[PDB]
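K.L.:
what shape does this take:
(chains A, B, C and D)
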Amino acid sequence: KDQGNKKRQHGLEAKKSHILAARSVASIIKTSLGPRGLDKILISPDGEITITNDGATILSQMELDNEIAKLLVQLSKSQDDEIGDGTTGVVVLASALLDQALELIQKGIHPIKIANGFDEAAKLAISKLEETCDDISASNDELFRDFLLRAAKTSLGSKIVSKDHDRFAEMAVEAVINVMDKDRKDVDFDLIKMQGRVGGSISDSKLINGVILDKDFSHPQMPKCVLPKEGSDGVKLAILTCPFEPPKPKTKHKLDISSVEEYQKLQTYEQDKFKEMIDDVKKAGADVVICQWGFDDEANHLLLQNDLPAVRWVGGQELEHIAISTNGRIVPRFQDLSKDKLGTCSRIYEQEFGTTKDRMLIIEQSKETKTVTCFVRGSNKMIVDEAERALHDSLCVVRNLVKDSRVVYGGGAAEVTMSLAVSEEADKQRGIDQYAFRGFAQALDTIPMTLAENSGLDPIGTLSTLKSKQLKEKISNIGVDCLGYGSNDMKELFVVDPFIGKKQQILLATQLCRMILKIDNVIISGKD
Amino acid sequence: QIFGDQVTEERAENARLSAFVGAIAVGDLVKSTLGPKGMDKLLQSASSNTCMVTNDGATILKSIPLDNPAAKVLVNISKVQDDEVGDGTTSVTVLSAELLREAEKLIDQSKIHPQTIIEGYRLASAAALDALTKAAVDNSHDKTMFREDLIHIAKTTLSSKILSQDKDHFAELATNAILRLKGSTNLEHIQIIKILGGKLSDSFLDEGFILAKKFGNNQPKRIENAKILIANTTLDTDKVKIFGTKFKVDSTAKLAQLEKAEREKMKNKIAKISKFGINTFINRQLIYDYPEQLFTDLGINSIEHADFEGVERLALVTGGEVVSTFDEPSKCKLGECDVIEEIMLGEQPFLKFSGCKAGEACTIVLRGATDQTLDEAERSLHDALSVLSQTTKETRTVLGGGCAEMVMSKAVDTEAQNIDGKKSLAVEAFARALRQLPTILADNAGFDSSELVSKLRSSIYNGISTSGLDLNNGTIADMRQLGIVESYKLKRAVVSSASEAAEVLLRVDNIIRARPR
Amino acid sequence: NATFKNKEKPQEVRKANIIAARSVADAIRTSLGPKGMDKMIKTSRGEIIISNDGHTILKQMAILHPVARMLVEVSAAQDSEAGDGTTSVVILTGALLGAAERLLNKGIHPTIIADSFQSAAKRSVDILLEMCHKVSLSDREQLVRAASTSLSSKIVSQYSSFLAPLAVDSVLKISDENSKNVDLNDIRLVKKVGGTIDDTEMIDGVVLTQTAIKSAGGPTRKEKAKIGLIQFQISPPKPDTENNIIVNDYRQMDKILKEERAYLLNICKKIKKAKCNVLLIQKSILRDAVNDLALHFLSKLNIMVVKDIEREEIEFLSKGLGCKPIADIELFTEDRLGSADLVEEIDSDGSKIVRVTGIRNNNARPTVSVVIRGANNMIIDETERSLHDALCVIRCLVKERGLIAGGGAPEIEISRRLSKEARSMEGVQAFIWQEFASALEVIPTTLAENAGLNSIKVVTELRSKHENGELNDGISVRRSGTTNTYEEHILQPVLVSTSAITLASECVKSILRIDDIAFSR
Amino acid sequence: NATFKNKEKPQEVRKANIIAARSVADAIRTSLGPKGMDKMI
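P.N.:
Numbering: from 1, shown residues only, chains lettered A, B, ... in the order given. Sharing the structure here:
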């Protein structure tokens, strides 16, 4: 099928071509590794120019015909959710592993043995990391919170928000606390909604304990706010999914009035339906009517006369958020609405951010809730995007830190320690295992060298000094000058990376290397 | 093949070559137009029926299409000059092009990532801006007339607002809140106190800094000779989230004991504060009874719930700092406050700070009838202060004819010596880029640019020299005697924009091809 | 010595611009003077145009080079201000461009060239104004003599004794004295077939080019009349969108006819109620200008009707009458109407021209409309051209009073004086002034070459003669040599030469100031 | 940071010489040992 314009490689150039393609893909974001990584210009087909050093963003927006590169990019897309901030490091490590595998194959080693040896080396490196890891939560709660805030600030400082990034870190920590419990120590990002718009400043960030529902209340005369009514039991919400209109035909409609009899009959039917719905709403005791669909003119008029602000076109996920925040339930229809299923919230009011005149509607609880929304604003679209990315990274880092008390330190110190351990263990295992361990150690050496290169330091001398310091004197956390630092020994600089994060990075790099190596034949057809 | 739609990443060598050379080439479109004696440029349309000749740099840049993405980025970054000043776009573009050319030359001499070049450019720009600020002069003589104009402007702005209840009083308050600062006029230096129990006409003026939400349970109501340091520590409600955690305890008593031990663990950090010579402590979060007693034993005042805006303003007025941990004793920056008093305004607690070290701030107390009146008064005061602040931005001028630019270049050269060798080259490159402007000005004037530039450099280097370029006689003359001056704001904005534009492109490694339009 | 390497050479753009401009100037130069050679330009439509007029040649040349179009712009400016000498300004621009090229070859920056040319032009203008023989607008004799001198170049010469005073009076009625610049475009030349050259009229008010209704009911005149400009037409309802008449009974047809007649009568009555005694209907091919029933209604209403009026006439009357146009009958009111003592059609020997006199309106101005009569179309065309030339000359006199000797005498004198004075200058300024003085002699050289005289000998003769006289001897085609132009009644307004110098200086400055060419779309 | 300009390109000549020497060495390599392959010239 589609034999014409079909290309394939197998037996001679498959391995070399795949490894070269992987190296070329890696070189796209290799220079962007680290906080001071060089930026790349990304331009949309419409001509919108953007600047960012995020490896995940760079790879996601890149399309290509190479099969190995496409597979690597697709795997990175899935890994972005698992870690997020480690995509570039994982890609670089996989590229280094493939480069070493090239030499190993040139020496006569079968790919399966290379993959098995890399897996064993990854296991040994993870064991070494676990042995050398330190516990923060088991030392002091104050120190644990300080390290959480420090990680959030470090993530935020790489963007424009660095001027006032403290507020973003505090909001992220509060959202994680509200949404995550210690039973599982996992943050449910589905309950942490990310929303924002162009305008305002970085100081307009706000954490909401419920859904936003920035709606216009349908009818122009419909009140735009639901007040607590001077100390009353908050605001009662009618969670409904049935549209606030009587059944209508789907074929003709055109229910026009031609005489008195037809007018009377149609008015009787429609008014009876609307009165039934509005009476059910009133009996339920709800103060605000929320429907998954829109509202009819008669329904809007009746709600306005009864002082019942309306919310139109609320999505299913929004309804679930309403139920979670207000401890309510979703009522399929008006006839099933009762006071026992209405949700309660502190208030539904309009909130202004900076100079914004939209006056968006927000549902606020002011109490601890299982679902929150992270609101992000900024003077430019780039500011908002960077703030959202930094908030996501901070949330992931906090989740990783809380999930596992064991942590490692950045700047390549963990990579250097793993490389030293793997090199030491290599001489103990005979056969192809020795070559595999040496290759894995050399690949691990790539990350600190790349970081040093990105920081303007000599990778050779920097790596040699790091190895000497970590071997001759003692095992510690010594890395490269990723940022402006007085000296080395990140341990005193408080550059901490979660242990689970590093373990996931290593495992994903090994898996990607195996996936690329295990493909010995590629076939691609033509295009129409 | 990568990406698509004619938008693909170029080879690293060619990508960097484009990023630098194409961006620099944008200056050539407007370099000839620099200065009043600049040349004219012809822009020809495809039909040739709408061609026109103009010497405006902004028009030339916005009219001529730029296919190279680097040129697009450079122009987009330089566009900030039009909004900030509305003039001098040609100077911004020329300075950015010269900085990029110097950075390219440095890279050709190093072949290393320009991050060190970026840092050197940042340092040189900071030094040049400091020198420019030092070289500026004030034309705000007869400050009484300026005060009268400010009063009139305030009265004009207060019209149709809630503050119209006492127009003269509020105009005087607004004028004072800007004039008495003797420095930055930003709203962060002006505090507004909103309380109920009176009329807006009864507003009081307080030069001191006032905060709300008084602190302490057993703390004194008066603090003298305070040594203020701000920290962000969780001294209250530790272990915020514990639901779902399994505790190896027989009863809740042991869990409470574990929490008490965790709270006690903070005693080391609490004690470390005393080693800094600190007698006043400010914490962003609340402070529990145990840490409060620990501070009391050390004789340190404990201030609670300082939040962020309060912390920032208190540090700014007292010149302090905010930290999260105490790594080493005796290593920190401490603020000072002569007297701190606990006061209540409108049945609401407040903290009064007096004698702040070099404090430059003012406070206005509003006595309203409801929330709407107080909010409207605050917004009207903010608008009036923003309008009045214009007087503190004008009248600031620097010597023209390249004198200020040459002084800035000399300052940068001086900075090039008290710096590491790996950055002295970048500092010298920034100085050369600054010096390029007078050379282009002389070239556009039709005179021997080299001779004039060398003479100006020698004169400026040789002490208290106010000489500059004489584009009318083609010689060197004293700018101060001739009264040739240029706006300080314009020069500062141009230099800052050029530095930012250079930094934007320096950090770029590769550039993706722009999609043709 | 050594200069900048200049890997990129913006000077190439300036060289190309100078080459193109000098080529255009040389092409236009050969047409200078009455003996100038004719130029042939074939249009893209196949029409062949032969003429020695610089304006027409430049327009038909279809110059594509953007910079060379500066010469066309200079010619247009000269026509607007001076009205003559479009060849001289181009020749001067070419000479200045050549001088600038020579200066650049010497290592002089273009900006200094422009500044020194500006200074030299200022000095030359001052020198020219010094030697000008002043005249007074109140002295009709001098203006009549100047007009006759200008008209002598036309076929109609023996009748110049009437054409000259006609234009003199027409201009004086609106310029008086000490009025600075006066625009002659407000003077309208109305041509009518019939009569002879001697048949002419000025009409201090305004003259319409259309006759009154010759059918029944046409008053042909009306005293105490108000004149308004009507853009609509008097016709039954004519919607611009889809429309039709539906009839289902004889009564319906009668009702429709009565409605149409009532609409016409109502339109006429609305026109009358505004007190518009003179109706000026714009020409239209979609709606009848004035229906027969409308004509009868207007006649019964004592309203003068003039139709078949073109847009140009309406635009002219907008200033001549001082009134405003009426978009539709709904906006037809008295405020949109003018005034006049009487409006009537004048028919002395078949003239049949409607005139408006005694407007007495503040907005209205005495836009004298000279009536041109003649049995043959050629007579009226030549009279119009001759009167236009006379009006241009009189305008040149009004803006700057006085005349100067023709034949290049002022050019030679100014060149000699500037050359003598530049010896006291120092630096690049002296060289540029010497080059400017040398270039100034282009005009006399071109005149000598076009006249078939020895080019070099004529310049020497003029220079030698100027050592004794002053603005008296120059090149005259009548004597085929150098003679006393002042005694030969060969005089030209000083404004022509002053504007030529100023425009040449501005054009050379603009050309030299262009240093690069870029595309913008 | 700043390092040597390296305006010249001796690397091309050095690499060409290294390539030639390595080619000769590879040609001679297969003759090592008692079981070395014979070479015919």
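K.L.:
who's in contact with residue A:521?
P.N.:
By CB atoms under 8 Å, 6 or more residues apart in numbering or on different chains, residue A:521 lies in contact with A:8, A:9, A:10, A:14. No exception for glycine: its C-beta is placed from N, CA and C like everyone else's.
K.L.:
separation between it and chain C?
P.N.:
Between residue A:521 and chain C the computed distance is 51 Å (CB to the nearest CB, to the nearest Å).
K.L.:
can you confirm residue C:443 is in a helix?
P.N.:
Yes - assigned with DSSP: H, G, I helix; E, B strand; the rest coil, residue C:443 falls within a helix.
K.L.:
what is the neighbour count of it?
P.N.:
When neighbours are defined as other CB atoms under 10 Å in any protein chain shown, residue C:443 has 27 of them.
K.L.:
how far away is it from chain B?
P.N.:
28 Å.
K.L.:
isn't that residue right up against residue C:93?
P.N.:
No - with contact defined as CB atoms under 8 Å, residue C:443 and residue C:93 do not form a contacting pair (11.7 Å).
K.L.:
residues in contact with residue B:110?
P.N.:
Counting by CB under 8 Å, 6+ apart, residue B:110 makes contact with B:425, D:1, D:2, D:3, D:5.
K.L.:
please disregard the earlier target; I meant residue A:50.
P.N.:
Residues in contact with residue A:50 (CB under 8 Å, 6+ apart) are A:41, A:42, A:43, A:44, A:382.
K.L.:
recalculate using a threshold of 7 Å.
P.N.:
By CB atoms under 7 Å, 6 or more residues apart in numbering or on different chains, the contact list for residue A:50 reads A:42, A:382.
K.L.:
helix, strand or coil: sort out it for me.
P.N.:
Residue A:50 ends up strand, using three-state DSSP.
K.L.:
ok, what's across the strand from it?
P.N.:
Counting by DSSP bridges, residue A:50 forms beta bridges with residue A:42.
K.L.:
again, but for residue C:337
P.N.:
Here residue C:337, judged by DSSP bridges, has bridge partners residue C:228.
K.L.:
can you verify residue B:65 is assigned to a helix?
P.N.:
No - using three-state DSSP, the assignment for residue B:65 is coil, not a helix.
K.L.:
OK, contacts around the nearest residue to it once chain neighbours are set aside?
P.N.:
The spatially closest residue to residue B:65, leaving aside those adjacent along the chain, is residue C:521, at 6.4 Å (CB to CB, 6 or more residues apart in numbering or on different chains). With contact taken as CB under 7 Å, 6+ apart, residue C:521 is in contact with B:45, B:46, B:65.
K.L.:
need phi/psi at residue B:477.
P.N.:
Dihedral angles of residue B:477 (phi, psi; degrees, to the nearest 10) stand at phi -140, psi 160.
K.L.:
residue in the stretch 151-300 of chain B with the shortest distance to chain C?
P.N.:
The nearest approach of the stretch 151-300 of chain B to chain C comes at residue B:160, 37.7 Å away (CB to the nearest CB).
K.L.:
helix, strand, or coil at that residue?
P.N.:
Classification of residue B:160 by three-state DSSP places it in coil.
K.L.:
gap between it and residue A:432?
P.N.:
86 Å (CB to CB, to the nearest Å).
K.L.:
of the two, which one has the most company?
P.N.:
Shown here are residue B:160 and residue A:432; by other CB under 10 Å, residue A:432 has more neighbours (17 against 8).
K.L.:
distance of the more buried one from residue A:444?
P.N.:
Using CB to CB, residue A:432 is found at 18 Å from residue A:444.
K.L.:
which residues touch the nearest residue to residue B:399 once chain neighbours are set aside?
P.N.:
Of all residues not flanking residue B:399 in the chain, residue B:479 sits nearest, at 4.6 Å (CB to CB, 6+ apart). By CB under 7 Å, 6+ apart, residue B:479 lies in contact with B:399, B:400, B:401, B:403, B:466, B:467, B:468.
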